[PDB]
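Data from model.txt: compact mmCIF, C-alpha atoms
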# COMPACT_ATOMS: atom_id res chain seq x y z
CA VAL A 295 60.67 41.52 165.63
CA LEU A 296 60.06 40.14 162.14
CA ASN A 297 57.99 37.28 163.54
CA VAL A 298 55.57 39.69 165.27
CA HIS A 299 55.05 41.49 161.93
CA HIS A 300 53.30 38.58 160.18
CA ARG A 301 50.84 37.62 162.94
CA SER A 302 47.20 37.35 161.83
CA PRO A 303 43.93 36.87 163.77
CA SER A 304 43.53 33.38 162.27
CA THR A 305 46.65 32.18 164.14
CA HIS A 306 47.37 34.36 167.20
CA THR A 307 45.47 36.57 169.64
CA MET A 308 46.72 39.87 171.05
CA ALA A 309 47.16 39.71 174.83
CA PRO A 310 45.88 42.63 176.97
CA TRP A 311 49.35 43.53 178.30
CA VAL A 312 50.73 44.00 174.78
CA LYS A 313 47.50 45.89 174.07
CA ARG A 314 48.12 48.39 176.86
CA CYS A 315 51.94 48.59 176.73
CA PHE A 316 53.08 48.84 173.09
CA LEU A 317 50.33 51.26 172.00
CA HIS A 318 49.91 53.97 174.67
CA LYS A 319 53.01 54.37 176.83
CA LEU A 320 55.98 53.67 174.52
CA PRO A 321 54.68 55.34 171.29
CA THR A 322 54.26 58.53 173.33
CA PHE A 323 57.66 57.77 174.91
CA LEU A 324 59.53 57.15 171.63
CA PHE A 325 57.95 60.07 169.65
CA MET A 326 55.67 58.06 167.34
CA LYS A 327 52.31 59.90 167.71
CA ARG A 328 50.38 57.47 165.44
CA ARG A 400 8.06 38.46 148.21
CA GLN A 401 9.89 35.16 148.74
CA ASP A 402 12.60 36.02 146.20
CA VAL A 403 13.00 39.51 147.68
CA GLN A 404 13.54 38.03 151.16
CA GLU A 405 16.69 36.12 150.15
CA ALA A 406 18.24 39.26 148.63
CA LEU A 407 18.31 41.06 151.99
CA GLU A 408 19.98 38.00 153.52
CA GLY A 409 22.65 38.08 150.80
CA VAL A 410 23.30 41.81 151.21
CA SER A 411 23.51 41.39 155.00
CA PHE A 412 26.01 38.56 154.52
CA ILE A 413 28.10 40.79 152.22
CA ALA A 414 28.07 43.57 154.83
CA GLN A 415 29.06 41.17 157.64
CA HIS A 416 31.90 39.76 155.52
CA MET A 417 33.28 43.20 154.68
CA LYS A 418 33.06 44.31 158.33
CA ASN A 419 34.95 41.18 159.44
CA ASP A 420 37.55 41.85 156.73
CA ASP A 421 38.02 45.42 158.01
CA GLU A 422 38.41 44.13 161.58
CA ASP A 423 41.12 41.66 160.51
CA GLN A 424 42.88 44.40 158.54
CA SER A 425 42.80 46.65 161.62
CA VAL A 426 44.36 43.91 163.77
CA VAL A 427 47.12 43.19 161.25
CA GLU A 428 47.88 46.94 161.06
CA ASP A 429 48.04 46.87 164.87
CA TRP A 430 50.64 44.08 164.69
CA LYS A 431 52.65 46.08 162.12
CA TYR A 432 52.62 49.14 164.39
CA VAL A 433 53.74 47.03 167.38
CA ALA A 434 56.65 45.67 165.32
CA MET A 435 57.58 49.23 164.29
CA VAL A 436 57.63 50.38 167.94
CA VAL A 437 59.82 47.44 169.05
CA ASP A 438 62.12 48.14 166.06
CA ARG A 439 62.59 51.79 167.08
CA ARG B 400 12.08 58.24 149.48
CA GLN B 401 14.91 60.37 150.86
CA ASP B 402 16.64 57.18 152.04
CA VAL B 403 16.22 55.53 148.62
CA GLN B 404 18.06 58.23 146.62
CA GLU B 405 21.52 57.79 148.18
CA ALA B 406 21.63 54.02 147.58
CA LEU B 407 21.43 54.48 143.80
CA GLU B 408 24.32 56.96 144.04
CA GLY B 409 26.20 54.33 146.05
CA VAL B 410 25.61 51.67 143.38
CA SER B 411 26.71 54.12 140.66
CA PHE B 412 29.86 54.92 142.66
CA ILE B 413 30.64 51.20 143.02
CA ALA B 414 30.19 50.77 139.25
CA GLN B 415 32.46 53.72 138.40
CA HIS B 416 35.07 52.55 140.92
CA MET B 417 35.20 49.03 139.48
CA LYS B 418 35.34 50.39 135.92
CA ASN B 419 38.30 52.64 136.78
CA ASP B 420 39.92 49.71 138.60
CA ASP B 421 39.57 47.49 135.52
CA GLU B 422 41.03 50.20 133.28
CA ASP B 423 44.04 50.56 135.62
CA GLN B 424 44.47 46.77 135.67
CA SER B 425 44.43 46.70 131.86
CA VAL B 426 47.09 49.43 131.69
CA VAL B 427 49.40 47.67 134.16
CA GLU B 428 48.99 44.38 132.25
CA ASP B 429 49.89 46.33 129.10
CA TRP B 430 53.09 47.51 130.84
CA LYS B 431 53.88 43.90 131.79
CA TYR B 432 53.52 42.83 128.16
CA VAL B 433 55.78 45.70 127.02
CA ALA B 434 58.41 44.46 129.50
CA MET B 435 58.02 40.93 128.09
CA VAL B 436 58.53 42.15 124.49
CA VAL B 437 61.66 44.15 125.40
CA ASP B 438 63.04 41.16 127.32
CA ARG B 439 62.59 38.76 124.38
CA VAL C 295 59.69 25.59 135.02
CA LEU C 296 59.53 28.95 136.81
CA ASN C 297 58.58 30.78 133.61
CA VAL C 298 55.42 28.69 133.15
CA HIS C 299 54.36 29.45 136.72
CA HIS C 300 54.08 33.22 136.09
CA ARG C 301 52.02 33.04 132.88
CA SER C 302 48.84 35.09 133.09
CA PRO C 303 45.69 34.55 130.98
CA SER C 304 45.85 38.14 129.71
CA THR C 305 49.27 37.71 128.06
CA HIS C 306 49.32 34.02 127.05
CA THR C 307 46.96 31.47 125.51
CA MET C 308 46.91 27.90 126.80
CA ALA C 309 47.42 25.60 123.82
CA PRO C 310 45.34 22.40 123.42
CA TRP C 311 48.39 20.12 123.49
CA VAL C 312 49.39 21.08 127.04
CA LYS C 313 45.68 20.56 127.88
CA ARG C 314 45.77 17.00 126.56
CA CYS C 315 49.29 16.19 127.86
CA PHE C 316 50.06 17.89 131.20
CA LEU C 317 46.57 17.75 132.74
CA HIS C 318 45.13 14.30 132.03
CA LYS C 319 47.75 11.66 131.15
CA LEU C 320 50.75 12.73 133.29
CA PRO C 321 48.83 13.62 136.54
CA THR C 322 47.64 10.00 136.43
CA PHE C 323 51.07 8.68 135.44
CA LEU C 324 52.74 10.43 138.40
CA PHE C 325 49.91 9.80 140.94
CA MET C 326 48.84 13.45 141.25
CA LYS C 327 45.04 13.31 140.62
CA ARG C 328 44.39 17.08 141.03
CA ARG C 400 13.17 55.26 135.94
CA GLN C 401 16.33 56.34 134.09
CA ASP C 402 18.15 56.52 137.43
CA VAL C 403 16.65 53.19 138.52
CA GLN C 404 17.44 51.31 135.29
CA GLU C 405 21.19 52.01 135.43
CA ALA C 406 21.44 50.45 138.90
CA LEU C 407 20.28 47.06 137.60
CA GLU C 408 22.73 47.33 134.69
CA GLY C 409 25.51 48.19 137.14
CA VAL C 410 24.73 45.17 139.34
CA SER C 411 24.67 43.00 136.19
CA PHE C 412 28.06 44.43 135.19
CA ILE C 413 29.45 43.63 138.66
CA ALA C 414 28.22 40.03 138.40
CA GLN C 415 29.66 39.54 134.90
CA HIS C 416 32.99 40.99 136.00
CA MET C 417 33.16 38.65 139.00
CA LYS C 418 32.42 35.74 136.64
CA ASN C 419 35.25 36.82 134.31
CA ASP C 420 37.57 37.25 137.31
CA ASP C 421 36.75 33.73 138.53
CA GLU C 422 37.51 32.32 135.07
CA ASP C 423 40.89 34.07 134.83
CA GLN C 424 41.78 32.96 138.37
CA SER C 425 40.96 29.37 137.38
CA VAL C 426 43.22 29.62 134.32
CA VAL C 427 46.16 31.01 136.30
CA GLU C 428 45.75 28.23 138.89
CA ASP C 429 45.76 25.81 135.94
CA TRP C 430 49.13 27.25 134.85
CA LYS C 431 50.41 26.76 138.41
CA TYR C 432 49.30 23.12 138.33
CA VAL C 433 51.08 22.59 134.99
CA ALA C 434 54.25 23.99 136.59
CA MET C 435 53.84 21.60 139.54
CA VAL C 436 53.48 18.57 137.22
CA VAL C 437 56.60 19.51 135.20
CA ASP C 438 58.45 20.04 138.50
CA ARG C 439 57.62 16.57 139.86
CA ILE D 410 14.39 42.31 137.08
CA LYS D 411 14.84 38.87 138.62
CA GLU D 412 18.34 38.72 137.08
CA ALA D 413 19.65 41.39 139.47
CA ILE D 414 18.40 39.48 142.52
CA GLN D 415 19.88 36.23 141.19
CA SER D 416 23.13 38.12 140.59
CA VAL D 417 23.19 39.30 144.21
CA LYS D 418 22.60 35.66 145.22
CA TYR D 419 25.55 34.67 142.99
CA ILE D 420 27.77 37.33 144.60
CA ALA D 421 26.85 36.10 148.09
CA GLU D 422 27.52 32.46 147.16
CA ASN D 423 30.86 33.40 145.57
CA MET D 424 31.94 35.28 148.71
CA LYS D 425 30.92 32.33 150.91
CA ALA D 426 32.97 29.94 148.76
CA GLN D 427 35.95 32.31 148.86
CA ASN D 428 35.66 32.54 152.66
CA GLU D 429 35.69 28.74 152.98
CA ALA D 430 38.73 28.47 150.68
CA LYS D 431 40.51 31.09 152.80
CA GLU D 432 39.71 28.99 155.90
CA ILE D 433 41.36 25.96 154.27
CA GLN D 434 44.44 28.03 153.38
CA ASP D 435 44.65 29.27 156.98
CA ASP D 436 44.56 25.64 158.16
CA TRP D 437 47.45 24.81 155.80
CA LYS D 438 49.43 27.72 157.22
CA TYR D 439 48.72 26.72 160.83
CA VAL D 440 49.87 23.11 160.41
CA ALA D 441 53.16 24.41 158.97
CA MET D 442 53.52 26.69 162.00
CA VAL D 443 52.96 23.65 164.27
CA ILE D 444 55.66 21.60 162.48
CA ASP D 445 57.97 24.62 162.69
CA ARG D 446 57.50 24.96 166.46
CA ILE D 447 57.98 21.25 167.25
CA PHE D 448 61.21 21.10 165.26
CA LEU D 449 62.35 24.34 166.94
CA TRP D 450 62.01 22.71 170.36
CA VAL D 451 63.60 19.42 169.21
CA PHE D 452 66.67 21.07 167.67
CA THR D 453 67.02 23.47 170.63
CA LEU D 454 67.18 20.48 172.98
CA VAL D 455 69.59 18.58 170.71
CA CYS D 456 71.87 21.63 170.32
CA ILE D 457 72.00 22.37 174.07
CA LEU D 458 72.57 18.67 174.83
CA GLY D 459 75.39 18.48 172.28
CA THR D 460 77.17 21.62 173.48
CA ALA D 461 76.86 20.37 177.06
CA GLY D 462 77.88 16.74 176.62
CA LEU D 463 80.53 17.04 173.91
CA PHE D 464 82.31 20.38 174.41
CA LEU D 465 82.46 21.48 178.04
CA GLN D 466 82.13 18.26 180.07
CA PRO D 467 85.18 16.22 178.83
CA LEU D 468 87.38 19.26 178.22
CA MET D 469 87.26 20.49 181.85
CA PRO E 264 97.74 18.17 160.81
CA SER E 265 96.24 15.25 158.89
CA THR E 266 96.90 12.63 161.58
CA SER E 267 94.16 10.00 161.41
CA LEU E 268 94.77 8.68 164.94
CA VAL E 269 92.24 10.84 166.80
CA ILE E 270 89.92 13.64 165.71
CA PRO E 271 89.76 17.09 167.37
CA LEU E 272 86.72 18.08 169.40
CA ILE E 273 86.34 21.29 167.41
CA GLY E 274 86.28 19.52 164.05
CA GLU E 275 83.80 16.99 165.45
CA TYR E 276 81.65 19.91 166.65
CA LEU E 277 81.85 21.55 163.21
CA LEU E 278 80.87 18.30 161.48
CA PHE E 279 78.00 17.85 163.98
CA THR E 280 76.69 21.36 163.33
CA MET E 281 77.02 20.98 159.54
CA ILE E 282 75.02 17.72 159.62
CA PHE E 283 72.25 19.28 161.68
CA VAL E 284 72.11 22.48 159.64
CA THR E 285 71.77 20.37 156.47
CA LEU E 286 68.94 18.48 158.15
CA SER E 287 67.49 21.90 159.03
CA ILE E 288 67.39 22.94 155.38
CA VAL E 289 65.80 19.63 154.38
CA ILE E 290 63.16 20.29 157.06
CA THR E 291 62.59 23.92 156.03
CA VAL E 292 62.05 23.01 152.36
CA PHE E 293 59.37 20.59 153.55
CA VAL E 294 57.64 23.19 155.71
CA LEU E 295 57.79 25.69 152.81
CA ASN E 296 56.15 23.08 150.59
CA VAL E 297 53.48 22.44 153.25
CA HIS E 298 52.82 26.17 153.71
CA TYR E 299 52.27 27.24 150.08
CA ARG E 300 49.47 24.80 149.32
CA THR E 301 45.90 25.56 148.25
CA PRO E 302 42.68 23.47 148.16
CA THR E 303 42.45 23.98 144.38
CA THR E 304 45.59 21.85 143.89
CA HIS E 305 45.63 19.47 146.89
CA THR E 306 43.09 17.72 149.10
CA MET E 307 43.75 17.84 152.82
CA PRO E 308 43.67 14.36 154.44
CA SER E 309 41.71 13.27 157.51
CA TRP E 310 44.49 12.01 159.82
CA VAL E 311 46.34 15.33 159.49
CA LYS E 312 43.24 17.09 160.88
CA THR E 313 43.58 15.31 164.24
CA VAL E 314 47.35 14.93 164.71
CA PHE E 315 48.96 18.09 163.30
So, in terms of structure tokens, how does the structure I just supplied come out?
Amino acid sequence: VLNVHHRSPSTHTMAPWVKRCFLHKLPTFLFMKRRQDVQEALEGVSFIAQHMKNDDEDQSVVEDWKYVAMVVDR
Amino acid sequence: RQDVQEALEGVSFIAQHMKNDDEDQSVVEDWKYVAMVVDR
Amino acid sequence: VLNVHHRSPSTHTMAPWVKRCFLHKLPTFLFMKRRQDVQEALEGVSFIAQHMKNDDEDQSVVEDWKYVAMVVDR
Amino acid sequence: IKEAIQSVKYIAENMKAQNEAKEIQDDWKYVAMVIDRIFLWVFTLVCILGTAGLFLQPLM
Amino acid sequence: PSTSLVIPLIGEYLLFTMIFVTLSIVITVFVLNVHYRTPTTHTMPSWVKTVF
């Protein structure tokens, strides 16, 4: 249960059965309850927004792994 | 024009957030140096 | 050799003799080889860029301390 | 005026370089995970083979 | 006893397990050195990109 705490999206991928099992049934079962120069600037700001959104997605998945490890621990 | 006004407030909020973050980082580095002095 | 690994740029100053000794001669000897609302927005973006430049410089110096620790270790 | 746009370009280039460095560090972590798994399987097979061939089989 | 005629199976098993656990720590120090490694201090080779 310590190995499934440090899983990241750059190494592993969460299977759909551990999606649907360790997040809905058992946490409710174990009482958890949860002009040209201006054009390049828009490209840079869009790249910054895409990078921060990808960072938030990876942080959400690693928090999901931490919650799965907490449920298996309990 | 109404869409333009909130972006400047966003930039000002980012500036104030990073300034407060740098002040907190300076204070915690000051605590680390105090620990180093007491240890020596 | 573990003390010199945790030396930050904010609390220590890298002397020129460790520059000339543990970075050039010994990594080759040991085969290492390495409008008042509008105007403040521009000043804020300039401040963000200068702070990221300073952060990159301090990160480079602390990685330089880590490399000095690695050379002394080998 | 142009300095702010060049600064945004600098921020974007810095974040791209940091992303590529993080990719290289993830590759270094993944090759260590691969070496860890292959030696797990090798020592599991050697341990089971030793406890079979040296401990139970002659002593029965 | 300290009879050098034959060795017990349990002492042979203990020696076997001690040898392989020592080889396990000399493997795990290598994988800890491989793990904590950055591109600002080391260059990653080309043959390690295909094999490992």
Within 12 Å of range 414-429 of chain A, which residues of range 305-409 of chain A come that close, and what is the closest atom pair and distance in Å for each? Count all atoms listed in the file and give it as CSV.
residue,atom,partner,partner_atom,distance
A:305,CA,A:427,CA,11.4
A:306,CA,A:426,CA,10.6
A:307,CA,A:426,CA,9.5
A:308,CA,A:426,CA,8.7
A:312,CA,A:429,CA,10.7
A:313,CA,A:429,CA,9.3
A:316,CA,A:429,CA,9.8
A:317,CA,A:429,CA,8.7
A:328,CA,A:429,CA,10.9
A:407,CA,A:414,CA,10.5
A:408,CA,A:414,CA,9.9
A:409,CA,A:414,CA,8.7
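The neighbours of residue 276 in chain E here are the residues that come within 12 Å of it, using only C-alpha atoms and leaving out any residue fewer than 4 positions away in the same chain; they are residues 456, 459, 460, 461, 462, 463, 464 and 465 of chain D; 270, 271, 272, 280, 281, 282 and 283 of chain E.
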Might you pull out every residue within 12 Å of residue 304 in chain E, with all atoms listed in the file counted and same-chain residues fewer than 4 positions away left off, and present them as a PyMOL selection string?
-> (chain C and resi 317+321+326-328+425+427-436) or (chain D and resi 430+433-434) or (chain E and resi 299-300)
CA of residue 323 in chain C to CA of residue 437 in chain D: how many Å, to one decimal?
->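 Separation of CA of residue 323 in chain C and CA of residue 437 in chain D: 26.2 Å.
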What are the centre and the three edge lengths of an axis-aligned box that wraps all atoms of range 405-422 of chain B in the file, given that 6 Å is added to every side, written as JSON and rounded to one decimal in Å?
{"center_x": 31.2, "center_y": 52.6, "center_z": 140.7, "size_x": 31.6, "size_y": 22.3, "size_z": 26.9}
Give as a ChimeraX atom specification every residue of chain E that touches chain C within 10 Å, counting only C-alpha atoms.
-> /E:301-306
Separation of CA of residue 402 in chain A from CA of residue 411 in chain D in Å |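 Rounded to one decimal, the two atoms are 8.4 Å apart.
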Using only C-alpha atoms, find each residue in chain D having at least one atom no more than 8 Å away from chain A; report its shortest atom-to-atom pair and that distance in Å (one decimal), rows by chain then rising number, as a tab-separated table.
residue	atom	partner	partner_atom	distance
D:414	CA	A:406	CA	6.1
D:417	CA	A:406	CA	6.6
D:418	CA	A:409	CA	6.1
D:421	CA	A:409	CA	5.4
D:424	CA	A:413	CA	7.6
D:435	CA	A:304	CA	6.8
D:439	CA	A:305	CA	6.7
7 Å contact set for range 441-454 of chain D, only C-alpha atoms, chain neighbours under 5 positions out, as a ChimeraX atom specification = /E:294,297-298,315
Gap from CA of residue 297 in chain A to CA of residue 437 in chain A - Å, one decimal |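 Straight-line distance from CA of residue 297 in chain A to CA of residue 437 in chain A works out to 11.7 Å.
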Using all atoms listed in the file, tabulate the residues of chain B lying at most 9 Å from any atom of chain C, each with its closest atom pair and that distance in Å to one decimal, by chain and increasing residue number, as a tab-separated table.
residue	atom	partner	partner_atom	distance
B:407	CA	C:406	CA	6.3
B:408	CA	C:406	CA	8.8
B:410	CA	C:406	CA	6.2
B:411	CA	C:406	CA	6.7
B:413	CA	C:409	CA	8.4
B:414	CA	C:409	CA	5.7
B:415	CA	C:409	CA	9.0
B:417	CA	C:413	CA	7.9
B:425	CA	C:304	CA	8.9
B:428	CA	C:304	CA	7.4
B:429	CA	C:305	CA	8.7
B:431	CA	C:305	CA	8.6
B:432	CA	C:305	CA	6.7
Can you write out the residues you just picked, keeping C-alpha atoms, as a compact mmCIF listing (two decimals), keeping the file's coordinate frame?
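result16.txt written:
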# COMPACT_ATOMS: atom_id res chain seq x y z
CA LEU B 407 21.43 54.48 143.80
CA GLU B 408 24.32 56.96 144.04
CA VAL B 410 25.61 51.67 143.38
CA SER B 411 26.71 54.12 140.66
CA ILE B 413 30.64 51.20 143.02
CA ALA B 414 30.19 50.77 139.25
CA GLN B 415 32.46 53.72 138.40
CA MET B 417 35.20 49.03 139.48
CA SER B 425 44.43 46.70 131.86
CA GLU B 428 48.99 44.38 132.25
CA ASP B 429 49.89 46.33 129.10
CA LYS B 431 53.88 43.90 131.79
CA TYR B 432 53.52 42.83 128.16
Please fill the gaps in range 307-326 of chain C so it has N, CA, C and O atoms, and write that as an mmCIF file, keeping the file's coordinate frame.
data_model
loop_
_atom_site.group_PDB
_atom_site.id
_atom_site.type_symbol
_atom_site.label_atom_id
_atom_site.label_comp_id
_atom_site.auth_asym_id
_atom_site.auth_seq_id
_atom_site.Cartn_x
_atom_site.Cartn_y
_atom_site.Cartn_z
ATOM 1 N N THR C 307 48.092 32.323 125.849
ATOM 2 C CA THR C 307 46.960 31.470 125.510
ATOM 3 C C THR C 307 47.359 30.018 125.695
ATOM 4 O O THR C 307 48.355 29.568 125.117
ATOM 5 N N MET C 308 46.595 29.293 126.511
ATOM 6 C CA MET C 308 46.910 27.900 126.800
ATOM 7 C C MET C 308 46.563 27.020 125.606
ATOM 8 O O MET C 308 45.393 26.902 125.230
ATOM 9 N N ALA C 309 47.587 26.413 125.009
ATOM 10 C CA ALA C 309 47.420 25.600 123.820
ATOM 11 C C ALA C 309 46.686 24.296 124.141
ATOM 12 O O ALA C 309 46.656 23.865 125.294
ATOM 13 N N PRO C 310 46.038 23.671 123.148
ATOM 14 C CA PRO C 310 45.340 22.400 123.420
ATOM 15 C C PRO C 310 46.257 21.218 123.687
ATOM 16 O O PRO C 310 45.810 20.228 124.286
ATOM 17 N N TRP C 311 47.526 21.278 123.278
ATOM 18 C CA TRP C 311 48.390 20.120 123.490
ATOM 19 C C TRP C 311 48.850 20.023 124.938
ATOM 20 O O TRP C 311 48.969 18.915 125.469
ATOM 21 N N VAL C 312 49.077 21.154 125.613
ATOM 22 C CA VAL C 312 49.390 21.080 127.040
ATOM 23 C C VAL C 312 48.137 20.715 127.841
ATOM 24 O O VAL C 312 48.240 20.072 128.897
ATOM 25 N N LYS C 313 46.945 21.059 127.324
ATOM 26 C CA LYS C 313 45.680 20.560 127.880
ATOM 27 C C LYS C 313 45.614 19.040 127.832
ATOM 28 O O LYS C 313 45.301 18.392 128.837
ATOM 29 N N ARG C 314 45.902 18.449 126.671
ATOM 30 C CA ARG C 314 45.770 17.000 126.560
ATOM 31 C C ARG C 314 46.944 16.242 127.165
ATOM 32 O O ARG C 314 46.785 15.065 127.498
ATOM 33 N N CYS C 315 48.112 16.871 127.319
ATOM 34 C CA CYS C 315 49.290 16.190 127.860
ATOM 35 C C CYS C 315 49.465 16.385 129.365
ATOM 36 O O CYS C 315 49.457 15.407 130.117
ATOM 37 N N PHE C 316 49.622 17.628 129.828
ATOM 38 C CA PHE C 316 50.060 17.890 131.200
ATOM 39 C C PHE C 316 48.919 18.051 132.188
ATOM 40 O O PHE C 316 49.132 18.605 133.276
ATOM 41 N N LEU C 317 47.720 17.572 131.864
ATOM 42 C CA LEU C 317 46.570 17.750 132.740
ATOM 43 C C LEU C 317 45.812 16.445 132.938
ATOM 44 O O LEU C 317 45.154 16.257 133.968
ATOM 45 N N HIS C 318 45.891 15.538 131.967
ATOM 46 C CA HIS C 318 45.130 14.300 132.030
ATOM 47 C C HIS C 318 46.021 13.064 132.100
ATOM 48 O O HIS C 318 45.835 12.233 132.996
ATOM 49 N N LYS C 319 46.977 12.903 131.184
ATOM 50 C CA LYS C 319 47.750 11.660 131.150
ATOM 51 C C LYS C 319 48.790 11.632 132.272
ATOM 52 O O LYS C 319 48.820 10.699 133.084
ATOM 53 N N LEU C 320 49.657 12.645 132.321
ATOM 54 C CA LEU C 320 50.750 12.730 133.290
ATOM 55 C C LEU C 320 50.343 12.919 134.765
ATOM 56 O O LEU C 320 51.048 12.386 135.632
ATOM 57 N N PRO C 321 49.272 13.657 135.128
ATOM 58 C CA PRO C 321 48.830 13.620 136.540
ATOM 59 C C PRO C 321 48.287 12.273 136.991
ATOM 60 O O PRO C 321 48.187 12.047 138.203
ATOM 61 N N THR C 322 47.940 11.376 136.071
ATOM 62 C CA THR C 322 47.640 10.000 136.430
ATOM 63 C C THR C 322 48.868 9.109 136.356
ATOM 64 O O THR C 322 48.929 8.088 137.049
ATOM 65 N N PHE C 323 49.845 9.473 135.524
ATOM 66 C CA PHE C 323 51.070 8.680 135.440
ATOM 67 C C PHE C 323 51.952 8.908 136.662
ATOM 68 O O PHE C 323 52.708 8.012 137.052
ATOM 69 N N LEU C 324 51.870 10.085 137.282
ATOM 70 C CA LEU C 324 52.740 10.430 138.400
ATOM 71 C C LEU C 324 52.001 10.441 139.728
ATOM 72 O O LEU C 324 52.540 10.951 140.718
ATOM 73 N N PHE C 325 50.774 9.903 139.753
ATOM 74 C CA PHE C 325 49.910 9.800 140.940
ATOM 75 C C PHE C 325 49.626 11.163 141.580
ATOM 76 O O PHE C 325 49.803 11.356 142.785
ATOM 77 N N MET C 326 49.180 12.117 140.762
ATOM 78 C CA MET C 326 48.840 13.450 141.250
ATOM 79 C C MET C 326 47.347 13.582 141.546
ATOM 80 O O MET C 326 46.967 13.864 142.687
#
